[PDB]
Amino acid sequence: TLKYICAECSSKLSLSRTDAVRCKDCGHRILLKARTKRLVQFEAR
Amino acid sequence: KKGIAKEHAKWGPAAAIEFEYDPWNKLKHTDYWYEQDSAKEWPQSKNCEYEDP
Amino acid sequence: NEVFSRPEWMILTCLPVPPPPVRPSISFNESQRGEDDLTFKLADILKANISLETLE
Amino acid sequence: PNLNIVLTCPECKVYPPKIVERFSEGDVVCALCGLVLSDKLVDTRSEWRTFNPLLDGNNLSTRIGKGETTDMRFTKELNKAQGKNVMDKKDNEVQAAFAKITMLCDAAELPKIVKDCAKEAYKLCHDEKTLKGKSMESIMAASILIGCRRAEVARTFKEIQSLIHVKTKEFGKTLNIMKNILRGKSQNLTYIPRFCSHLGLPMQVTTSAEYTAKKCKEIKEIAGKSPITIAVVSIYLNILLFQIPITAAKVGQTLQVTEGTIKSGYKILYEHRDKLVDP
Amino acid sequence: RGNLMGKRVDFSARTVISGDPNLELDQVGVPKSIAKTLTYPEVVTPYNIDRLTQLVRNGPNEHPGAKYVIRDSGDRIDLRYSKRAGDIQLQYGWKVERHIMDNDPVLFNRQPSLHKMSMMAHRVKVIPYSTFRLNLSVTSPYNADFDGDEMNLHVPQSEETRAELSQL
Amino acid sequence: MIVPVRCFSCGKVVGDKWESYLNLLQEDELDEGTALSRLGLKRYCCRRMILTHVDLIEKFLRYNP
Amino acid sequence: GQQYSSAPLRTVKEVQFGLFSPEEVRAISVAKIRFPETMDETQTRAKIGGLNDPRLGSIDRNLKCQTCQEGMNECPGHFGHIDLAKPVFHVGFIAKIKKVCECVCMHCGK
Amino acid sequence: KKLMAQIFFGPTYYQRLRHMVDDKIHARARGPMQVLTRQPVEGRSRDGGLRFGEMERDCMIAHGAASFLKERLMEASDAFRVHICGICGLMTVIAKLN
Amino acid sequence: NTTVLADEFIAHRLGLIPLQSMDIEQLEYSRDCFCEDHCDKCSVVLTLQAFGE
Amino acid sequence: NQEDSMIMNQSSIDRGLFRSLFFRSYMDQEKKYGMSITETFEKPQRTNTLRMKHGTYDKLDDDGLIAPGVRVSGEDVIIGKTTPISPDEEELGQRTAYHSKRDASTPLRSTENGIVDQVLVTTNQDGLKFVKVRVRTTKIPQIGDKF
Ligand SMILES: [Mg+2]
Ligand SMILES: [Zn+2]
Ligand SMILES: [Zn+2]
Ligand SMILES: [Zn+2]
Ligand SMILES: [Zn+2]
Ligand SMILES: [Zn+2]
Ligand SMILES: [Zn+2]
Ligand SMILES: [Zn+2]
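Residues numbered from 1 in each chain as written, not as in the entry; some residues may be left out. Chains lettered and ligands numbered in written order. Part of a larger assembly, values for the part shown. Heavy atoms only, no water.

As documented in the archive entry, the model was determined using cryo-EM at 4.7 Å resolution.

This is the structure in structure tokens:
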């Protein structure tokens, strides 16, 4: 499974496949993908 | 990391450098533009105190 | 000019059919296939010709 | 007769074409010796820019309508000529059937997916021998119900029956033999949010009736007696657990369920109230 | 009009032009990316066998390099994936396509181009950045101004048309 | 936005003068030129930064993440 | 990049414009085209004898174009025909024919 | 050194437009062709070449260069090889040269 | 990074921040040191952790 | 400076003068024709997928999307989508060997590059799972830029 975040209440869902697209506890179908857990290198120039 | 200002402007320790020379125009390096008179329009600089007309 | 033009030839009796190199059809996503307009016109000529032959 | 062009590298000739396709340069090249295999590559995206085989097949047709500068006499003579050639093909029933089915689906506010599934089902049945009639109403209603069952949608028999008068029995037989046709060409939970939408209930009562529906499906006893009554008694219990008042008469006249049935199910349901608590 | 009298053609580049007084009258500053994108097929001769050999041994990534080779049999080998083979030796009669270096005359044009002066050949000078650099004594026959004006650059692909283009 | 670091010409650090600047404006009720005269800015290259700044981060923070 | 041919290479000089005779159309064509359908009934290949059969040209590179063989980047194309049972007029000549009808007798043809 | 003429020097409000060079510069050297005319496509996203219109050809005629015009309208764009017959000048010559 | 500002924007602002640079004479350059990446001879490592309370 | 030309200070550019952000949004959507063929967002495997682009697929996840924050460049696939095919429908080249599906992903522009800002997935009107992507890129003022 992959970690997802709800639109409004911003709760951690982490639903798997074949579970459609819908938040638990609220009916907001907008689910975030969350940012990667690895580091990203940048340059100040 | 270490670097000079040629790599990026973030390595600039110095700021505004006030460069001046010849307060009273005698070396004839600048021809002042004037509408009526150059002595009444162009003000005097500070360094003029350290010399004389 | 007898070797090039004839009033009998001015009246159309048989119609040439150009190859797809002139009217290239498309098969997009294997389920959305588009045919050119001249292809539809040839289909209309065939339906009208076969219909006229059946009625005659 | 053959006509299959297979690209191979005459210098490598060590394996079937394991090649790479360079679209920016318009070539295809062997990924081994680096030798190009073809130049001047054609595109499929570019020819598609100007522009249904699944239903219409390979049939082509063109409309004749009025022109910018034309007479109304010629428009009628061309349309009457097509009216005499319309008997050459028996495809007039597909366009009219899809038109009326389009009107019914547009009247039921169903999504386009159920419309395409129902049209596909009617295209699979069409005019077979085992149908043998049904006056075009039962194959349309049963096709809509089939397209509803395929798209994971839930529509009760009394709903399509409320739309079309198919006399139920002949509807059941036509739906059965139609299901046999579909099997020869080779779930009550979805009803809860719909009735909760009919009553205007919060989400907690909806998911509470979901857990209650699943648990009641696991407890057995009565088993179901059609899933509609299980749904209405489940929502009835989940709404008698809170304080939002609807009573039994309003929910019985809105959802078209008998009061004695929701009380008969509310009795044994109240008997199984123990193991139905989610929190 | 769109397929016989005119047509969209290859071997061209379009971008914003700007001034540069340090350049000559006939030259034009070409960006490095355009010089590496466009190419020119040169014929392998004993006078430049070592130079073209160096261009092959440099690779398409470097600017002084090549892109494709054409053997005398009329077959093109790409320099990419050719390094996996190892060595590529040139012979007399082949045509190696190199990048646009210096002293390469190419046609310069600006639409709508109503003069015969609006299309004139130029000597390529490879310069960085992305804008075509040129002298301001040529902006008057082009009727151009350095305010977002784009121009077109066409490259000849033959020695005969390059010499005829340089003498006319 | 949110106080430009350094300056866009001379290069002097100004980011540590915003909080004081507002502090001199909301407490002493002085003018803009007087406050810029108290911060130590003597060239207009810097003055255009603080004088023409449009702090939009405050209107950005009012959104819930 | 096309395949070599042994035919003598010459330039194109004189160009003659003339009308297409029906006999010459039938002598140039290779197919009759009777089915108004595009592809085959199996929704694949071609109809074989229809609007776009392998007897004409082909695209998609992979197909070979039966009667030229070779490929699409080489195939000039091939011509079909349509034999009508009732003669029709050509648009660009409707006026001209009319003028001919006003220049010759309508019986003895003089 | 001091400049002889004084310079008009002061701040001025400026704006940056949408037009940028990174969305304008593009070069094409042998790319994809269209399906209809088998000519270079149109558009920078599709890796398309520049258009050699009618006025450009008229300028090439004004300069008197016919070889560059022939090369630009054949090898630089599209060049096809066909076979015609001696009696009739039509392209009905079936060529099976294998 | 949950800020409303962009990541490379914050990296730019951090790039404009000045630092102390006295004994920088005896700190070798990144290319001059023969190690991989960095080491206590070329650069100085810093970190920032902020959280709204 | 001649002919409306301007000379800009480089040290001012390095300190962030006229620097702007560009946000490009790539919207993709899976669709179903006649319910039998269903497009699915997934990471295409290089073993059974035909018509696969030469771009890299290491930045995609298990659902066929790029998580925000991953630095992407041109010719990079952002959203992986595959379409089912029939064995006896085309059989072109190696289609009789891959058997499975055909690639139909939506990559980033050829000349573009940057950092993926935000990615969101939602069902539209008819319930089709579509996904919108937004990539940010700082465009430092160059010589060819207009003012
Ligand atoms: Mg202009
Ligand atoms: Zn939620
Ligand atoms: Zn045989
Ligand atoms: Zn090979
Ligand atoms: Zn300043
Ligand atoms: Zn052919
Ligand atoms: Zn002949
Ligand atoms: Zn080190």
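This is not the end of the story, as more comes after the structure.
Engineer: Looking at this structure, I do not really get the overall build of chain G. What am I missing?
Structural biologist: When helices and strands are counted, chain G shows 2 helices and 1 strand. Starting at the N terminus, the α and β elements of chain G follow one another as α-β-α. Whereas a compact globule of 110 residues would reach a radius of gyration of roughly 13 Å, chain G reaches 20 Å, over 25% beyond that. For chain G, the spread of C-alpha atoms along the three principal axes comes to 55 × 45 × 20 Å. Among the 110 residues that make up chain G, the fraction classed as buried is 35%. Restricting to contacts in chain G with at least 6 residues of sequence separation, those with at least 24 account for 30%. (Helix = DSSP H or I, 4+ residues; strand = E, 2+ residues; numbered from the N terminus. Rg over C-alpha atoms; globule rule 2.2 N^0.38 Å. Buried < 20%, exposed > 50% of the residue type's maximum accessible area, 1.4 Å probe, protein only. Contact = heavy atoms within 4.5 Å.)

Engineer: Honestly, the overall build of chain B in this entry has me stumped. Any pointers?
Structural biologist: Counting its regular elements, chain B contains 1 helix and 0 strands. Rg of the C-alpha trace for chain B: 18 Å, well past the compact-globule value of 10 Å for 53 residues, more than 25% over. Across the 53 residues in chain B, those meeting the buried criterion constitute 17%. Entry remark: accessible area of chain B is about 4700 Å², with carbon and sulfur atoms responsible for 54%. Here chain B holds 8 positive side-chain charges and 11 negative ones, and the gap between their average locations is 15 Å. (Areas by Shrake-Rupley, 256 points an atom, 1.4 Å probe, with all protein chains shown as cover. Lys, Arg positive; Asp, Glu negative; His and termini not counted. Charge placed at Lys NZ, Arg CZ, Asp CG, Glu CD.)

Engineer: Would you mind showing me how to read helix α8 (residues 169-184) of chain D here?
Structural biologist: Note that an α-helix has 3.6 residues per turn; residues three or four places apart therefore point the same way. Residues and elements named next belong to chain D. With 16 residues, α8 ought to run about 22 Å at 1.5 Å a step, and its terminal C-alpha atoms sit 22 Å apart, in line with that. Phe171, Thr174, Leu175, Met178, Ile181 and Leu182 are the residues of α8 that are buried. One face of α8 carries all of its buried residues, which in axial projection span an arc of 115 degrees. Exposed residues lying more than 90 degrees from the buried face of α8 are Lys169, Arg183 and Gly184. (Expected span 1.5 Å × (residues − 1). Arc of directions from axis to C-beta.)

Engineer: How should the coordination of the zinc ion (ligand 8) be read in this particular structure?
Structural biologist: Each pair of donors in an ideal octahedron of six around a metal sits at 90 or 180 degrees, and each pair in an ideal tetrahedron of four sits at 109.5 degrees. Residue and element names in this part refer to chain I. Within the protein, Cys33 (SG), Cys35 (SG), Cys39 (SG) and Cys42 (SG) serve as the donor atoms for the zinc ion (ligand 8), at 2.3 to 2.4 Å. Taken together, the 4 donor atoms coordinating the zinc ion (ligand 8) and their angles of 92 to 129 degrees define a geometry best described as tetrahedral. Here the donor residues of the zinc ion (ligand 8) are spaced in sequence according to C-x1-C-x3-C-x2-C. On the basis of relative accessible area, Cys35 is assigned to the partly exposed category, the value being 32%. (Donors = N, O, S within 2.8 Å, 3.2 Å for Na, K, Ca; no water. Tetrahedral: all angles 85-135°; square planar, octahedral: opposite > 155°, others 65-115°.)

Engineer: Sorry if this is basic, but what is going on with the coordination of the zinc ion (ligand 7) here?
Structural biologist: All names here are of chain H. Within the protein, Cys85 (SG) and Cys88 (SG) serve as the donor atoms for the zinc ion (ligand 7), at 2.4 Å. Overall, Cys85 belongs to the partly exposed group, its relative accessible area being 32%. Note on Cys88: relative accessible area 30%, which makes it partly exposed.

Engineer: For this particular structure, what's the right way to read the arrangement of the chains?
Structural biologist: Contacts between protein chains span 25 pairs of chains, and they are most numerous for chains E and H. In this structure chain A stays clear of chain C, and the shortest span between their C-alpha atoms is 25 Å.

Engineer: Honestly, the interface of chain H and chain E in this entry has me stumped. Any pointers?
Structural biologist: The figure often quoted for interface size is the accessible area lost as the parts come together. Listed per partner, the contact involves 38 residues of chain H and 47 residues of chain E. Summed over both partners, the interface of chain H with chain E comes to about 4000 Å²; 55% of that surface belongs to carbon and sulfur atoms. Of all residues in chain H, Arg30, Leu50 and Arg51 of chain H give up the largest surface area on contact with chain E, accounting jointly for 18% of the area buried on that side. Viewed at the interface, chain E and chain H are joined by 4 salt bridges. Residue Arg8 of chain E is joined to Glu42 of chain H by a salt bridge in which the shortest nitrogen-to-oxygen separation is 3.9 Å. The interface formed by chain H and chain E includes 24 residue pairs in polar contact. Listed by contribution, the elements that provide at least two residues to the side of chain H that touches chain E are β1 (26-28), β2 (51-52), α1 (54-63) and α2 (66-72) of chain H. A per-element tally of the side of chain H that touches chain E places α1 of chain H first, with 8 residues. Grouping the constituent residues of the side of chain H that touches chain E by class yields 16 nonpolar, 11 polar and 11 charged. (Buried area = accessible area lost by both parts, 1.4 Å probe. Salt bridge = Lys/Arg side-chain N within 4 Å of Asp/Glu carboxyl O. Polar contact = N/O pair within 3.5 Å; in protein donor to acceptor, adjacent residues only side chain to side chain. Nonpolar A, V, L, I, M, F, W, Y, C, P; charged D, E, K, R; others polar.)

Engineer: Can you help me understand a positive patch on the surface in this one?
Structural biologist: Residues and elements named next belong to chain D. A cluster of like positive charges, contributed by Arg149, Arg150, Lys179 and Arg183, occupies part of the molecular surface. Contributing elements (two or more residues each) for the positive patch: α6 (138-150) and α8. Residue placement: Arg183 occurs in helix α8. (Patch = residues over 30% accessible without salt bridge, like charges linked within 9 Å, V, L, I, M, F, W, Y side chains within 5 Å.)

Engineer: Where do I start with unusual backbone geometry in this structure?
Structural biologist: Here the residue pair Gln111 of chain E and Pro112 of chain E is connected by a cis peptide bond, since its omega of 0 degrees sits within 30 degrees of zero. With respect to the element layout, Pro112 of chain E can be found in the loop between β8 (105-109) and β9 (119-126). Unusually for a residue other than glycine, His126 of chain D sits at a positive phi of about 60 degrees. Positionally, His126 of chain D belongs in the loop between α5 (112-125) and α6. By relative accessible area, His126 of chain D is classed as partly exposed at 33%. One non-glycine residue, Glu221 of chain D, lies in the positive phi region at around 60 degrees. For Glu221 of chain D, a relative accessible area of 43% gives the class partly exposed.

Engineer: What is the right way to look at the pairing of strand β6 (residues 81-84) of chain J in this model?
Structural biologist: Strand residues, when the strand is regular, have side chains that alternate between the two faces of the sheet. Residue and element names in this part refer to chain J. Relative to β6, strand β2 (residues 40-41) runs antiparallel, the two being bridged by 2 bridges. Bridged to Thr40 within β6 is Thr82. The pairing of β6 with strand β7 (residues 101-103) spans 3 bridges and is classified as antiparallel. Bridge pairing in β7 places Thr83 opposite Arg102. (Pairing = 2+ DSSP bridges.)

Engineer: Teacher, can you tell me more about the interface of chain D and chain G here?
Structural biologist: Contact residues are listed per partner, giving 12 residues for chain D and 16 residues for chain G. Carbon and sulfur atoms supply 51% of the area that chain D and chain G bury against each other, a total of about 1300 Å² over both sides. Its largest share of buried area at the contact with chain G, chain D owes to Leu3, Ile5 and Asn58 of chain D, together 50% of the area lost on that side. Viewed at the interface, chain G and chain D are joined by 0 salt bridges. Taken together, the residues that form the side of chain D that touches chain G break down as 7 nonpolar, 4 polar and 1 charged.

Engineer: Can you help me understand the packing of aromatic side chains in this one?
Structural biologist: Residue and element names in this part refer to chain F. If you walk through the whole model with that rule in mind, you get 11 aromatic pairs over all chains. Their ring planes at 40 degrees and their centres at 6.3 Å tell us that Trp18 and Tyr21 sit as a pair that is tilted. Note that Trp18 and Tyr21 are positioned in helix α1 (residues 18-28) at a spacing of 3 residues, about one turn of the helix. In this structure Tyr21 comes out as buried when scored by relative accessible area, which is 6%. (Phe/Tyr/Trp six-rings, centres within 6.5 Å; stacked < 30°, edge-to-face > 60°.)

Engineer: For this particular structure, what's the right way to read the sheet that holds β6 of chain J?
Structural biologist: Neighbouring strands of a sheet are bound in pairs by backbone hydrogen bonds; such pairs are parallel or else antiparallel. Residue and element names in this part refer to chain J. The strand order across the open sheet built from 4 strands is β2-β6-β7-β3, with neighbouring strands paired in mixed fashion. Because the sheet does not close on itself, it has two edges, and the strands there are β2 and β3 (49-50). Sheet analysis places β3 next to β7, joined by 2 bridges and oriented parallel. Among the inter-strand pairings, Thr49 is bridged to a residue of β7, identified as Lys101.

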